[PDB]
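In the form deposited in one PDB entry, a lone chain appears below as structure tokens.
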């Protein structure tokens, strides 16, 4: 609420409160009364335009699965603290946390797809998210997912498709492509790059040569296998989302409906 609040809430930015740091922000945990926050300390015109883009999105649009801006000062942005961390960290079991069970994994994918579906259709101009990734998906105390990072958003590089890298093109289908790779991480528990090939290339090669049921062998070993058709629907959906040709990718609306029927077969 005040900046004085952030100094006290961090014991003046003591290291005990430092969460981490990226390219644009230094990030601290802040305790203000009986709520916990993460403050992203704005640390180059490129940097600046990405700060504005983050502010623009979060001040105008709101969704249960988008991490909301609570306050800002101007230089910093304050968000509610997400105690279960990033999807990436949980898939990689950072800190020796237990692997996520399938019903949470599919719930995470559904929530994020709703957030993207909402952003792709907000009343004035639609929003292309631009930085969809397992790192930018945060998780609350019940593993409800929260989409974050709109520094690359636009109104209409492992996660980026060819037509973006090669020709600068950007669309609704950009987010679908990135989301497809996230599904691949969620199914396998692998990083986007493997110990040195890309997860997307490995799964696409396997699906073309050996069909959808052969990916069963790449399901995350740290849980018992999900049902066969759950796996096949999700690998299929991931492969289509990550297609090289944008025209082959489903809309996020169709993705959401597919994810939701996939969840039903789990129950």
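Numbering follows the first chain given and starts at 1. Here the rigid core means the biggest group of C-alpha atoms that line up within 1.5 Å when the two forms are laid on top of each other.
Participant: Deposited residues absent from the coordinates between residue 156 and residue 157, none, 1 to 3, 4 to 9, or 10 or more?
Facilitator: The entry has 10 or more unmodelled residues between residue 156 and residue 157.
Participant: What number of residues from the deposited sequence go unmodelled in the gap from residue 43 to residue 44, classed as none, 1 to 3, 4 to 9, or 10 or more?
Facilitator: Count of unmodelled residues in between: 4 to 9.
Participant: For the higher mean C-alpha B factor in the entry, choose 123 to 131 or 88 to 96.
Facilitator: Comparing 123 to 131 with 88 to 96, the higher mean C-alpha B-factor belongs to 123 to 131.
Participant: Tell me which stretch has the larger mean Cα B-factor in this entry, 224 to 232 or 22 to 30.
Facilitator: Averaged over C-alpha atoms, the B-factors run higher in 22 to 30.
Participant: Return the residue from 113, 167, 188, 144 that has the highest Cα B-factor in the entry.
Facilitator: That would be 167.
Participant: Taking the values straight from the PDB record, which of 181, 197, 137, 106 has the highest C-alpha temperature factor?
Facilitator: Each of 181, 197, 137, 106 was compared by C-alpha B-factor; the highest is 197.
Participant: Is the Cα B-factor recorded for residue 217 in the lowest, middle or highest third of its chain?
Facilitator: Ranked within chain, residue 217 CA B lands in the middle tercile.
Participant: According to the PDB entry, is the CA B factor of residue 162 in the bottom, middle or top third of its chain, that is, lowest, middle or highest?
Facilitator: Its C-alpha B-factor, which the entry lists for residue 162, ranks in the highest third among residues of this chain.
Participant: Quick check for you: using the entry's CA B-factors within this chain, is residue 73 in the lowest, middle or highest third?
Facilitator: Its C-alpha B-factor belongs to the highest third of this chain's values.
Participant: How does residue 209 rank on Cα B-factor within its chain, lowest, middle or highest third?
Facilitator: As the PDB entry reports it, the C-alpha B-factor of residue 209 lands in the highest third of its chain.
Participant: Would you please rank residue 237 by its C-alpha temperature factor against the other modelled residues of its chain and give the third it falls in: lowest, middle or highest?
Facilitator: Tercile = lowest for this residue's CA B-factor.
This protein has a second form, the form deposited in another entry, left out of what is shown; the following refers to that one.
Participant: Taking the rigid core as the superposition reference, indicate whether the CA of residue 245 shifts 2 angstroms or more between this form and the one not shown.
Facilitator: Shift of 2 Å or more: no.
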